[PDB]
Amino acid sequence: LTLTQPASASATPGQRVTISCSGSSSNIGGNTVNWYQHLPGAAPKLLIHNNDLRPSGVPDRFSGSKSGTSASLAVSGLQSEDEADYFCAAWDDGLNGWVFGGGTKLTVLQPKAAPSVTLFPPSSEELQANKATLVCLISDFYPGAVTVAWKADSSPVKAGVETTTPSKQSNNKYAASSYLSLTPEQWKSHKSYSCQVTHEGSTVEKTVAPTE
């Protein structure tokens, strides 16, 4: 038995967002639920303990509610500092130990920005090393969610693809990187390769070809 919690949640600054946490008779039904703020580069911070109690340093914005096997964390008046990961925690009698929710990544919503895509063909040095890597660089998009596809003469390519998770940028936009590893024979065997970046239902494509 584990704690079920929505994967993601988002809202504009100043609004109220609620994060659910689902349990069973053995963890939430009989025991208390505790809420934690988990910043990307910090130790988790206790927000609510004993299902509704907040520590001294927790502002009035954070509140907790409990109903049987279900619990909820309400955040009112969102601020930029509130963009973090929130997970619920409860003791489980069957495990005789703590169980945790999957966590809900909360992003406080600037306007949408289409991604900028740059595609680099393998360098002559790498080809002379009997290796080939296509480098697809995705920058300045918002919110941080991208789908990456690779095309060889318009046919899809799945193997040899490694895509990074999105990362925060200095201008508070997001960046991603996708690499397509292949042999020099594969690189020279096709007319061109393409990187297709899908963001909010809109696609941007770049194409490179062997030089001769």
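Start at 1 and count along the sequence shown; that's the residue number.
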Handout entry: Size class of the missing deposited segment between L109 and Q110
Key = 1 to 3
Practice task
Please work out which of 92-100 and 77-85 has the higher mean CA B-factor as recorded in the PDB entry.
Solution key: 77-85
Exercise for the section: Between 45-53 and 166-174, name whichever shows the higher mean Cα B factor according to the PDB entry. Expected result: 166-174
Completion exercise
Chain thirds by Cα B factor, record data; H38 belongs to the middle
Problem - B-factor third for the C-alpha atom of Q5 within its chain - result: lowest
Practice task
Please place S154 in the lowest, middle or highest third of its chain by C-alpha B factor as given in the entry.
Solution key: highest
Handout entry: Third of the chain's Cα B-factor distribution that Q15 belongs to, per the entry
Key = highest
Handout entry: Relative C-alpha B-factor of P121, binned into the chain's lowest, middle or highest third
Key = middle
